[PDB]
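Chemist: This is the structure I have questions about; it appears just below.
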Amino acid sequence: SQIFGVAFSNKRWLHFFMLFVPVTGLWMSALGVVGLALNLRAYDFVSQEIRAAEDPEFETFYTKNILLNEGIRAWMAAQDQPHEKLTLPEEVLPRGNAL
Amino acid sequence: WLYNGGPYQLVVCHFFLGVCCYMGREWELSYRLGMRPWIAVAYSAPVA
Amino acid sequence: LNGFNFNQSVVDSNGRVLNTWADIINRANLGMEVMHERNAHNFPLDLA
Amino acid sequence: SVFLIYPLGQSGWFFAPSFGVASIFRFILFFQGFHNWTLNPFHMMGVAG
Amino acid sequence: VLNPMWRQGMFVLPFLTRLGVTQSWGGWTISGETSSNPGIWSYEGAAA
Amino acid sequence: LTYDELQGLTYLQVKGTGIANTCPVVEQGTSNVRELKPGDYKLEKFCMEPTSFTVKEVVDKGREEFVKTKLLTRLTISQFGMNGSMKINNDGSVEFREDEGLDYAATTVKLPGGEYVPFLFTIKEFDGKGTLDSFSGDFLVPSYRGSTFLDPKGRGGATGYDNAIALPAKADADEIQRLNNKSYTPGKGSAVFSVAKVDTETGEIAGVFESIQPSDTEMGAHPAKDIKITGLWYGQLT
Amino acid sequence: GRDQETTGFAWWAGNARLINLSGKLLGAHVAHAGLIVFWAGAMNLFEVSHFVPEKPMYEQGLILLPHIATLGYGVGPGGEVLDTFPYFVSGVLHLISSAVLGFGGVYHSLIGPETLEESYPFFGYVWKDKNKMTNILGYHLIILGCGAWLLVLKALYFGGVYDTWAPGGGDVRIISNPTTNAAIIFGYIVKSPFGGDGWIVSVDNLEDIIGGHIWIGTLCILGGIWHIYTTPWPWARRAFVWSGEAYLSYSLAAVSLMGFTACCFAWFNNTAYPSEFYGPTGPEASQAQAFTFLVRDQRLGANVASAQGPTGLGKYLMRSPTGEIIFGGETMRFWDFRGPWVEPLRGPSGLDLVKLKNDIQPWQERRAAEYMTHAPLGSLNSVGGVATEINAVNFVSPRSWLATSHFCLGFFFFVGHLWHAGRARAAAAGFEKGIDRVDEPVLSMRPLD
Amino acid sequence: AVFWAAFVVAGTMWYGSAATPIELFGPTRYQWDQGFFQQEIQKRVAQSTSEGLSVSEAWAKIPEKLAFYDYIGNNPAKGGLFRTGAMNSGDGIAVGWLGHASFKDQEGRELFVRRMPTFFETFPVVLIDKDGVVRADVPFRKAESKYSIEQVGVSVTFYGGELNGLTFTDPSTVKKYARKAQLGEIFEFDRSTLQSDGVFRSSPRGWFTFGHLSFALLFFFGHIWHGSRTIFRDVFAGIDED
Amino acid sequence: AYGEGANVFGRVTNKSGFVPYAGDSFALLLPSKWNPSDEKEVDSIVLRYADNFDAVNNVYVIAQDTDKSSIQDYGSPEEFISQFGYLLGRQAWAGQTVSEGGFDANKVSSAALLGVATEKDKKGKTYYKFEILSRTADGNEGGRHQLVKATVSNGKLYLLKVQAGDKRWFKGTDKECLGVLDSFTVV
Ligand code: CLA
Ligand code: CLA
Ligand code: CLA
Ligand code: CLA
Ligand code: CLA
Ligand code: CLA
Ligand SMILES: C=Cc1c(C)c2cc3nc(c4c5[nH]c(cc6nc(cc1[nH]2)C(C)=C6CC)c(C)c5C(=O)[C@@H]4C(=O)OC)[C@@H](CCC(=O)OC/C=C(\C)CCC[C@H](C)CCC[C@H](C)CCCC(C)C)[C@@H]3C
Ligand SMILES: CC1=C(/C=C/C(C)=C/C=C/C(C)=C/C=C/C=C(C)/C=C/C=C(C)/C=C/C2=C(C)CCCC2(C)C)C(C)(C)CCC1
Ligand code: OEX
Ligand SMILES: [Cl-]
Ligand SMILES: [Cl-]
């Protein structure tokens with residue numbers, strides 16, 4: 001109470017909340033991957049991608065993540081999906097300056 | 001100052017200070033109230 | 001210090017590469033490497 | 001939800017995780033790239049929990 | 001001139017203006033001039 | 001702080017002190033300028049230094065003047081190591097030629113009102129025509145970024161997707177100048193120079209210059225702005 | 001060997017059972033010193049057994065031969081290896097002294113006297129005998145000052161030490177006229193630890209190094225005679241806690257700060273740790289890459305002052321935020337690097353254009369190229385380069401390995417200092433087990449928290 | 001029993017069955033990944049092309065519903081968790097079919113655009129020969145690249161739609177229509193009437209399956225809890241302490 | 001899955017890293033860790049190999065027909081190189097730019113000739129070997145080195161290029177590239 005401001009007043013509720021936190025976390029993660037199972041993702045923020053499209057200066061960490069993800073997938077497809085036999089050439093692969 | 005990222009260094013430095021002071025205070029209150037001060041030892045992992 | 005680096009570490013008697021999940025992670029690492037800070041690289045090797 | 005529901009929703013068991021640490025790492029990076037699993041709200045619920 | 005504060009439905013902006021607060025921290029003046037150094041008593045200064 | 005003792009101090013006592021962004025000043029001689037010997041000359045260590053960065057603004061009530069801005073970057077404003085050839089005649093008609101050197105300076109400034117205008121302060125390929133007192137001309141102005149520069153969604157001139165592929169339908173729209181094409185047309189600028197405090201013993205020259213140049217056009221987008229740059233310059237003849 | 005009942009300590013508290021055993025305490029200390037010097041000898045002999053002279057010693061994962069080279073033995077002009085005989089002599093002496101100290105440690109750990117107080121009053125001590133243990137502290141301070149003076153005399157009259165900053169590329173030299181100026185010698189101590197300053201990391205020349213060693217040795221001798229001839233003040237008694245575990249925790253805090261500072265030395269310092277022996281730093285590798293590409297495009301016909309990069313700031317030359325002329329690339333963030341192969345290239349405003357265009361040096365360019373090919377960057381499996389690079393170059397820098405391990409040591413010893421510090425405070429408070437169940441301070445104070 | 005039936009209905013909606021018509025509930029992602037509508041169209045072309053009346057005409061003989069079915073925007077697994085609402089609010093309402101794009105390079109072989117896999121939100125545009133090796137691509141680098149359309153010379157032609165027999169040679173428009181054909185068939189969409197954002201949405205079948213899978217998992221948790229409740233109705237408030 | 005014992009206690013079989021290969025009227029050394037790719041580059045390719053890590057480290061051969069007698073009829077090395085500029089790659093960017101520097105106008109790439117050679121075979125046939133640096137405006141992979149070798153068979157003008165990244169050039173690929181280059185023997 002003097003360090004954090006709040007404290008537990010019950011061993012039973014303390015132990016039950018200790019039980020409660022990981023079961024709730026794992027169940028919500030299960031619901032999230034269930035949502036992912038049908039290609040229903042939290043991939044694109046529509047308004048942010050719109051303002052990034054009509055604003056060449058509007059750089060954000062979210063847009064950096066989005067671009068890194070299509071880079072991930074462009075490098076995934078060829079060597080991770082043999083049954084697609086995607087013979088993507090070197091030039092079509094997106095990459096930055098130097099490196 | 002905002003353009004070159006000075007508020008970042010300010011916030012990170014003060015957060016370092018505040019976290020170290022917070023866990024040393026956990027040591028202190030465990031000393032004062034009659035405990036074993038390994039609470040600060042346990043917090044040395046989130047500090048780490 | 002880097003983690004494990006087992007890229008092309010598995011090869012056969014003919015010397016042909018046995019691509020592993022480590023090599024999958026390697027090419028994934030290339031995918032997230034080529035354009036992290038996609039304008040600040042003026043050299044091939046990233047020693048900064 | 002990760003070994004049956006995801007492959008049954010997707011094209012097949014090939015997109016299901018394989019039993020192995022580096023294969024789980026491949027599957028994890030697969031959700032990072034294809035699904036943006038870090039930005040998923042239920043995933044943030046789970047990591048917070 | 002053609003779109004002053006009373007045309008924009010500004011309520012406490014005329015009351016700030018009437019008693020003396022004319023410059024702003026945004027680098028402009030309501031009379032059409034440029035605030036070289038508005039000081040600490042600007043519109044945003046009074047609000048803060 | 002002259003050139004004679006500029007080399008007289010080591011790097012330790014000048015590091016982090018801004019002296020490396022300070023041009024030498026001529027303390028001897030006279031400001032009559034005409035005392036300089038005429039003929040063909042080859043200047044070296046021609047130095048540039050700005051004293052004020054102001055951006056033109058179309059004032060709302062019909063006025064038009066340059067307003068003072070705030071430098072967003074740190075002390076990275078000057079340009080050193082300029083070469084070229086000079087000719088001085090008896091009547092005083094002179095020409096200026098610039099060939100190579102640290103001939104660009106990317107610097108972003110903040111306008112009053114939370115506005116940023118990046119620009120490439122350059123004096124490259126300047127041909128100043130006039131007398132010793134004043135002479136002007138035209139110089140080459142690059143845009144800013146390279147052809148391979150990548151925006152938040154790739155794209156750009158040399159390297160890029162040529163379209164925002166995050167939207168499967170925003171490929172054919174009014175954003176022709178945003179994704180299909182990126183403009184890299186190099187502009188032209190105006191420079192006004194004045195020579196003062198000439199040291200005829202060592203061929204040292206100084207004076208105040210003026211630079212007018214359009215800023216960044218952000219690769220086929222909103223029109224660029226004209227920037228007035230004033231400052232001190234220094235040179236050494238042969 | 002004691003049990004749990006008679007000592008109150010379990011097996012995982014075994015040497016805690018000898019906290020009140022002066023003789024067995026000193027025996028364990030002597031045995032552990034023997035262990036440390038035995039690893040010194042074993043490391044030296046193993047490293048020289050696997051030492052290949054033609055390849056650089058940092059490419060082979062060698063750490064201790066660089067240390068003896070910094071001491072100034074077996075090397076000549078340019079840092080090349082010439083004779084491993086002093087390396088052998090140092091390792092053999094360490095092994096023999098290890099045998100001696102191990103025999104002493106096992107003697108005083110098995111049949112040594114239990115307590116030294118009843119038999120040897122000079123060696124007899126408790127954790128509360130302030131004058132006696134400050135005399136012991138003064139003895140240790142005089143010993144350490146003597147060691148610093150030994151290093152000073154080695155640099156002065158015993159062949160000198162290696163300077164990487166020497167003209168031509170570093171050589172063994174004799175140091176003369178050390179830095180005795182108080183302001184210059186304490187400016188490092190009163191310095192900021194961030195970049196550009198680096199507190200005491202930024203020591204750059206051997207005259208200053210030896211002057212600082214003379215300063216610390218003379219001051220340590222003065223402190224030793226002070227602790228021997230005086231007594232701790234009552235304010236020090238009031239502010240301090242005076243248990244053996246308290247002195248242990250204080251020493252652990254000192255060595256934790258020591259280890260963090262040494263890790264920073266390993267990752268940044270190239271004067272006390274020449275890159276010719278320890279491998280290049282990250283700063284040295286980044287500026288080496290920039291310099292190598294600059295001279296490559298110079299020799300294939302390109303102007304480095306012009307030809308701005310994709311960012312428009314300058315691919316090969318830019319300006320530091322303070323205004324100094326520095327190399328191109330993201331290596332701008334490492335622009336404060338000082339290694340002895342760029343200062344002749346560096347003029348008043350930074351990099352002199354005419355200097356870098358017309359006065360190159362083959363030793364500088366080959367040194368930069370070799371540091372580029374062996375940057376401090378590799379895997380724990382000793383796979384070179386970044387995590388995306390194929391296993392073809394078997395090299396990870398000793399700088400990287402020492403920085404990593406010394407951070408581990410410093411942080412774990414910080415946690416150990418905090419452990420023993422809390423135990424010291426509570427045990428001196430008389431609380432080393434918990435509340436008394438009848439004298440709880442909580443139930444006797446006011447509510448509402 | 002009810003989350004048994006929930007798993008049953010989620011499976012039958014995601015895989016398709018007799019009581020799950022495509023006409024009423026939308027297509028399945030497996031039909032797109034198995035080239036069902038595309039195979040139908042192309043063998044409807046092979047018949048009546050192998051007996052005269054070649055690919056210049058008879059594409060108008062192809063029904064417009066079939067080409068609408070051969071579109072990845074028609075895929076139920078192309079939306080997102082939060083691309084909320086109608087599919088028309090996602091891409092616009094289809095107004096007409098422009099015909100199948102036939103791409104030909106400078107020497108004469110017929111190239112084809114690679115179909116977009118369901119797993120990708122974005123996909124590069126490439127042009128592959130009949131033998132299965134990529135002949136061209138949309139150039140990202142455009143520097144020291146020798147696969148670009150601007151140097152290969154690929155023209156696009158359309159048949160049987162609003163655009164029939166029209167061959168475009170301009171690089172910008174052949175790139176744009178190749179990017180459009182990357183998603184499958186070629187269609188025109190009205191967008192300003194519903195303020196279409198641009199991204200694809202999800203089908204009612206997909207949303208049904210997602211909701212019922214989440215509900216089935218929650219009801220599995222509920223059945224475990226109620227099983228505990230049934231067998232342990234005697235020791236809820238506490239234990240026997242003996 | 002026929003029955004034979006495992007390979008144990010009999011030393012290693014291959015360590016040099018090169019595996020011989022022969023095609024139509026030619027034979028050379030190929031890297032053992034490289035994998036041939038079905039992406040035919042030019043319309044006249046018979047064999048092509050590439051590295052599995054990076055597709056940049058690739059190599060192929062050309063079997064184009066000839067109208068002259070021999071490469072000597074083609075003349076000097078500069079004149080021979082100046083006709084075959086399609087192998088490096090044309091720039092698909094056409095807009096004029098000066099904001100990249102160090103290159104010619106409306107150019108983002110340059111071909112820096114690093115060397116030429118005149119290598120003779122067993123009896124009288126010359127093996128033209130050159131080295132060309134292929135940089136870009138951004139300098140991707142620090143440029144690219146073009147190691148080209150050409151010869152004349154009974155018709156079927158045979159060219160080679162071992163294209164590889166410049167970071168690989170100083171990070172452990174130059175020796176393998178040279179071993180591929182000097183083994184391009186055509187009989
Ligand atoms: C000393 C502190 C202080 C100062 C310097 C200011 C300053 C300012 N305030 Mg402010 N204010 C303050 C405290 C302060 N305030 C406090 C504590 C409150 C909370 C009650 C407010 C709430 C407040 C509001 C809601 C507003 C301001 C506003 C303003 C700005 C214009 C004032 C105005 O409207 O003019 C005129 C002021 C008056 C006409 C008040 C008249 C007083 C009457 C006539 C007194 C008569 C009765 C008296 C007892 C009789 C005396 C008898 C005689 C014989 C002695 C100005 C910059 C305005 C603004 O623009 O927003 C920024 C605005 O709307 N303030
Ligand atoms: C020279 C410093 C020093 C000294 C003299 C002591 C002395 C003592 N410690 Mg202590 N300790 C220290 C440092 C030190 N410690 C450090 C740095 C830590 C880390 C935070 C600890 C953590 C610690 C704990 C948790 C405890 C003690 C305890 C004790 C007492 C009994 C120890 C014992 O017999 O257990 C036996 C010793 C061992 C079984 C060795 C442990 C094995 C470790 C985990 C293996 C690590 C090796 C591995 C390769 C390290 C790699 C990491 C990195 C460096 C790369 C004793 C008086 C105990 C106590 O409180 O008693 C009162 C006890 O509870 N210590
Ligand atoms: C390097 C670390 C170190 C050191 C120097 C010591 C030292 C000591 N410990 Mg200790 N201990 C340690 C680690 C260490 N310990 C750890 C990690 C644990 C947790 C497992 C313990 C747990 C522990 C307990 C429970 C006890 C001790 C005790 C003791 C003391 C006497 C032991 C004895 O006489 O019985 C004899 C021991 C043996 C016969 C076994 C050792 C076999 C031989 C001697 C090995 C030495 C080989 C050596 C290389 C030979 C050198 C040759 C030489 C002639 C050149 C002694 C001073 C005892 C004590 O508290 O003292 C009263 C005791 O009760 N320790
Ligand atoms: C930390 C080191 C240290 C300390 C403080 C002590 C302290 C003590 N030892 Mg001892 N000892 C040590 C190390 C140490 N020893 C080692 C390494 C060995 C193995 C050779 C021995 C073997 C030993 C035996 C056999 C005996 C003692 C005995 C004793 C006790 C009294 C008699 C005496 O001092 O003998 C005299 C000491 C010497 C003759 C050694 C020479 C002393 C000079 C001053 C050494 C000069 C040091 C110089 C600076 C070099 C330092 C090198 C440095 C880099 C490490 C005493 C409390 C006696 C005992 O246990 O009581 C029954 C006993 O008989 N010790
Ligand atoms: C590592 C060796 C060592 C150790 C363990 C000690 C330990 C001790 N000394 Mg001592 N001392 C030493 C070396 C050492 N000294 C040396 C080498 C000298 C000669 C200069 C002295 C001179 C000295 C004097 C004159 C006195 C002590 C005193 C003390 C005792 C109390 C000190 C205190 O209160 O804490 C620490 C004290 C402070 C934190 C307040 C002082 C403020 C700082 C340290 C002054 C230094 C200035 C410098 C710019 C600080 C910046 C450093 C920082 C950036 C890291 C203590 C047991 C006192 C005592 O009780 O007498 C026995 C006392 O009067 N010492
Ligand atoms: C099992 C753990 C472990 C291991 C394997 C090592 C291993 C090593 N450490 Mg380390 N250390 C450790 C734990 C460990 N340490 C811990 C827990 C800490 C506290 C966090 C430290 C703190 C530390 C520091 C501060 C340093 C090392 C250093 C070193 C390296 C050289 C050792 C040395 O010479 O130090 C020192 C040896 C002595 C002090 C003994 C005295 C040596 C005398 C004075 C030499 C005199 C020679 C003389 C001039 C010759 C001339 C004679 C005559 C002609 C005059 C070495 C590879 C050094 C290093 O590499 O820097 C990073 C170093 O400076 N360590
Ligand atoms: C990856 C992390 C992880 C592992 C390995 C793990 C492991 C375990 N958890 C158990 C229990 C639990 N897990 C629980 C909560 C949690 N557990 C978590 C995370 C883990 N728990 C988390 C995050 C939570 C928070 C909600 C609870 C509440 C329990 C228990 O009641 C129980 C226990 O008592 O804990 C000690 C144990 C009983 C398993 C068993 O015998 O099943 C029997 C069935 C077996 C052995 C067959 C499984 C075979 C699998 C499914 C297929 C083959 C897989 C290979 C064997 C390995 C593949 C590995 C690669 C994929 C890398 C087992 C040791
Ligand atoms: C050798 C050398 C040198 C020199 C150096 C020096 C000179 C050092 C030093 C130093 C010093 C001289 C130090 C000191 C110190 C001290 C300390 C570090 C301490 C402490 C502690 C603390 C932290 C405290 C705490 C507290 C408080 C806070 C108050 C109350 C009480 C108490 C205790 C609680 C040089 C680099 C130059 C060069 C090279 C070499
Ligand atoms: O910031 Mn984020 O990523 Ca770590 O490396 Mn250097 O810096 Mn930048 O590059 Mn690579
Ligand atoms: Cl990034
Ligand atoms: Cl870089």
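The chains in the structure tokens are called A, B, ... from first to last as shown; in each chain the residues are counted from 1, and the ligands are counted from 1 in the order shown.
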Can you list, as a CSV table (one decimal) with C-alpha atoms, in the first residue's frame, every protein, DNA or RNA residue that comes within 10 Å of range 18-28 of chain C when you count only C-alpha atoms, leaving out same-chain residues fewer than 4 positions away?
Modeler:
```csv
chain,number,residue,atom,x,y,z
A,71,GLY,CA,9.3,-7.5,-47.1
A,72,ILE,CA,9.0,-10.5,-44.8
A,73,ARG,CA,6.4,-12.1,-47.0
A,74,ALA,CA,8.3,-11.3,-50.2
A,75,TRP,CA,11.3,-13.2,-48.8
A,76,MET,CA,9.0,-15.9,-47.3
A,79,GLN,CA,11.8,-20.7,-49.9
A,80,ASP,CA,8.8,-21.4,-47.6
C,4,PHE,CA,22.8,-19.1,-32.8
C,5,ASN,CA,24.0,-18.9,-36.4
C,6,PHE,CA,23.3,-22.3,-38.1
C,7,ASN,CA,22.8,-21.0,-41.7
C,8,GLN,CA,23.9,-23.6,-44.2
C,9,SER,CA,25.5,-25.5,-41.4
C,10,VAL,CA,23.9,-28.7,-42.6
C,11,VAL,CA,25.4,-30.0,-45.9
C,12,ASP,CA,25.6,-33.4,-47.4
C,32,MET,CA,13.7,-7.8,-42.2
C,33,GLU,CA,17.2,-6.7,-42.8
D,20,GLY,CA,10.3,-28.4,-33.3
D,21,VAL,CA,11.9,-25.3,-31.7
D,22,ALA,CA,13.3,-23.7,-34.9
D,23,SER,CA,10.1,-24.8,-36.7
D,24,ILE,CA,8.0,-23.0,-34.1
D,25,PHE,CA,10.3,-20.0,-34.7
D,26,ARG,CA,9.5,-20.2,-38.4
D,27,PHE,CA,5.8,-20.4,-37.6
D,29,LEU,CA,7.9,-15.3,-37.9
D,30,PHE,CA,5.3,-16.5,-40.4
D,33,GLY,CA,5.0,-11.3,-41.5
G,387,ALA,CA,23.2,-13.0,-37.8
G,388,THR,CA,22.3,-13.2,-41.5
G,389,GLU,CA,25.8,-14.1,-42.6
G,390,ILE,CA,26.9,-17.6,-43.6
I,33,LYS,CA,27.0,-25.2,-52.1
I,52,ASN,CA,20.9,-20.5,-52.1
I,53,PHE,CA,21.7,-17.8,-49.5
I,54,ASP,CA,21.6,-14.9,-51.9
```
Chemist: Would you mind listing what lies within 9 Å of residue 267 in chain G as a PyMOL selection string, with only C-alpha atoms counted and same-chain residues fewer than 4 positions away left out?
Modeler: chain G and resi 262-263+281-282+399-400+402-403
Chemist: Residues contacting ligand 8 - anything with an atom at most 10 Å away, using only C-alpha atoms and all ligand atoms - can you give me those as a PyMOL selection string?
Modeler: chain G and resi 148+179-180+182+184-190+199-217+219-220+235-236+238-241+250+253-254+257+272
Chemist: Using only N, CA and C atoms, please write the residues we just selected to a file, as a compact mmCIF listing (two decimals), in the first residue's frame.
Modeler:
```txt
# COMPACT_ATOMS: atom_id res chain seq x y z
N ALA G 148 50.92 -0.61 -8.50
CA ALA G 148 50.83 0.49 -9.45
C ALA G 148 52.19 1.11 -9.71
N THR G 179 52.16 13.04 -16.86
CA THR G 179 51.17 14.07 -16.60
C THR G 179 50.92 14.21 -15.10
N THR G 180 51.62 15.15 -14.46
CA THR G 180 51.48 15.41 -13.04
C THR G 180 50.54 16.57 -12.75
N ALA G 182 47.31 18.35 -11.82
CA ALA G 182 46.15 17.88 -11.08
C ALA G 182 44.86 18.08 -11.87
N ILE G 184 44.43 18.38 -15.19
CA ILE G 184 44.39 17.48 -16.34
C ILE G 184 44.19 16.04 -15.90
N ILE G 185 44.76 15.66 -14.75
CA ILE G 185 44.69 14.27 -14.34
C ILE G 185 43.36 13.93 -13.67
N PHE G 186 42.64 14.92 -13.14
CA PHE G 186 41.33 14.68 -12.54
C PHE G 186 40.18 15.13 -13.43
N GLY G 187 40.47 15.73 -14.59
CA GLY G 187 39.42 16.05 -15.53
C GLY G 187 38.68 14.83 -16.03
N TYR G 188 39.37 13.69 -16.13
CA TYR G 188 38.70 12.44 -16.48
C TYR G 188 37.74 12.00 -15.39
N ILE G 189 38.14 12.15 -14.12
CA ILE G 189 37.28 11.74 -13.01
C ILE G 189 36.04 12.64 -12.93
N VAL G 190 36.21 13.94 -13.17
CA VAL G 190 35.08 14.86 -13.07
C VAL G 190 34.36 15.00 -14.41
N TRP G 199 33.90 9.90 -19.69
CA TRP G 199 34.45 9.84 -18.32
C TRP G 199 35.92 9.47 -18.41
N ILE G 200 36.34 8.30 -17.93
CA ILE G 200 37.75 7.89 -18.00
C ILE G 200 38.03 6.92 -19.14
N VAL G 201 37.04 6.63 -20.00
CA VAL G 201 37.30 5.80 -21.18
C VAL G 201 38.19 6.54 -22.17
N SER G 202 38.06 7.86 -22.24
CA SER G 202 38.72 8.66 -23.26
C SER G 202 40.18 8.97 -22.95
N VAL G 203 40.85 8.17 -22.13
CA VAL G 203 42.29 8.35 -21.95
C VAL G 203 42.99 7.89 -23.22
N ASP G 204 43.87 8.74 -23.76
CA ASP G 204 44.35 8.55 -25.12
C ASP G 204 45.85 8.39 -25.28
N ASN G 205 46.66 8.77 -24.29
CA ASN G 205 48.11 8.70 -24.48
C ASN G 205 48.80 8.18 -23.22
N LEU G 206 49.97 7.58 -23.46
CA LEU G 206 50.68 6.85 -22.42
C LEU G 206 51.28 7.76 -21.37
N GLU G 207 51.66 8.99 -21.74
CA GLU G 207 52.15 9.93 -20.73
C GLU G 207 51.07 10.22 -19.70
N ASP G 208 49.84 10.45 -20.16
CA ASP G 208 48.72 10.63 -19.24
C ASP G 208 48.42 9.35 -18.46
N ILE G 209 48.52 8.19 -19.12
CA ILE G 209 48.25 6.92 -18.44
C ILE G 209 49.22 6.73 -17.28
N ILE G 210 50.51 6.96 -17.53
CA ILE G 210 51.53 6.75 -16.51
C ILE G 210 51.43 7.82 -15.42
N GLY G 211 51.10 9.06 -15.80
CA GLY G 211 50.87 10.08 -14.79
C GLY G 211 49.70 9.75 -13.87
N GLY G 212 48.62 9.21 -14.44
CA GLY G 212 47.51 8.77 -13.62
C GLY G 212 47.88 7.60 -12.72
N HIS G 213 48.72 6.69 -13.22
CA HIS G 213 49.16 5.58 -12.39
C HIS G 213 50.03 6.06 -11.23
N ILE G 214 50.90 7.04 -11.48
CA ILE G 214 51.70 7.63 -10.40
C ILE G 214 50.79 8.30 -9.38
N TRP G 215 49.79 9.05 -9.87
CA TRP G 215 48.83 9.71 -8.99
C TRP G 215 48.11 8.70 -8.10
N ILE G 216 47.58 7.63 -8.71
CA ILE G 216 46.82 6.65 -7.95
C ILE G 216 47.73 5.86 -7.00
N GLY G 217 48.98 5.60 -7.39
CA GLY G 217 49.87 4.86 -6.51
C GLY G 217 50.29 5.67 -5.30
N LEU G 219 48.67 8.27 -4.05
CA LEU G 219 47.48 8.49 -3.24
C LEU G 219 47.12 7.23 -2.45
N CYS G 220 47.26 6.05 -3.06
CA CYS G 220 46.96 4.81 -2.35
C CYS G 220 47.95 4.56 -1.22
N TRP G 235 31.23 9.94 12.97
CA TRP G 235 30.20 10.10 11.94
C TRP G 235 30.23 8.95 10.95
N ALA G 236 31.43 8.46 10.62
CA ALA G 236 31.54 7.28 9.77
C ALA G 236 30.96 6.05 10.47
N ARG G 238 28.51 6.12 12.68
CA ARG G 238 27.07 6.30 12.69
C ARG G 238 26.46 6.02 11.32
N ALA G 239 27.09 6.51 10.26
CA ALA G 239 26.54 6.33 8.92
C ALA G 239 26.74 4.91 8.39
N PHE G 240 27.78 4.22 8.84
CA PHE G 240 28.12 2.92 8.29
C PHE G 240 27.51 1.78 9.09
N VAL G 241 27.57 0.59 8.49
CA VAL G 241 27.20 -0.67 9.11
C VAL G 241 28.44 -1.55 9.12
N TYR G 250 30.03 -4.01 0.28
CA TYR G 250 30.67 -2.79 -0.18
C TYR G 250 31.71 -3.09 -1.25
N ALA G 253 29.89 -3.94 -4.46
CA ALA G 253 29.47 -2.74 -5.18
C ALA G 253 30.63 -2.12 -5.93
N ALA G 254 31.79 -2.06 -5.27
CA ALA G 254 32.99 -1.50 -5.90
C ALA G 254 33.40 -2.31 -7.13
N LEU G 257 30.82 -1.78 -10.12
CA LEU G 257 31.13 -0.56 -10.86
C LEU G 257 32.41 -0.73 -11.66
N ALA G 272 44.53 1.98 -24.18
CA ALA G 272 44.91 0.94 -23.23
C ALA G 272 44.63 -0.45 -23.77
```
Chemist: I'd like the contact shell of residue 36 in chain D - 9 Å cut-off, only C-alpha atoms, skipping same-chain residues fewer than 6 positions apart - returned as a list in words.
Modeler: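 Close residues of residue 36 in chain D: residues 41, 42, 43, 44, 65, 66 and 69 of chain A.
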Chemist: Could you save those same residues with C-alpha atoms as a PDB file, in the first residue's frame?
Modeler:
```
ATOM      1  CA  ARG A  41      -6.048  -9.886 -39.118  1.00  0.00           C
ATOM      2  CA  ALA A  42      -5.355  -6.548 -37.467  1.00  0.00           C
ATOM      3  CA  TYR A  43      -3.004  -5.834 -40.353  1.00  0.00           C
ATOM      4  CA  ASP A  44      -3.813  -2.407 -41.817  1.00  0.00           C
ATOM      5  CA  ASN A  65       6.220  -2.360 -39.425  1.00  0.00           C
ATOM      6  CA  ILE A  66       3.823  -2.667 -42.361  1.00  0.00           C
ATOM      7  CA  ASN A  69       6.008  -7.229 -43.087  1.00  0.00           C
TER       8      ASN A  69
END
```
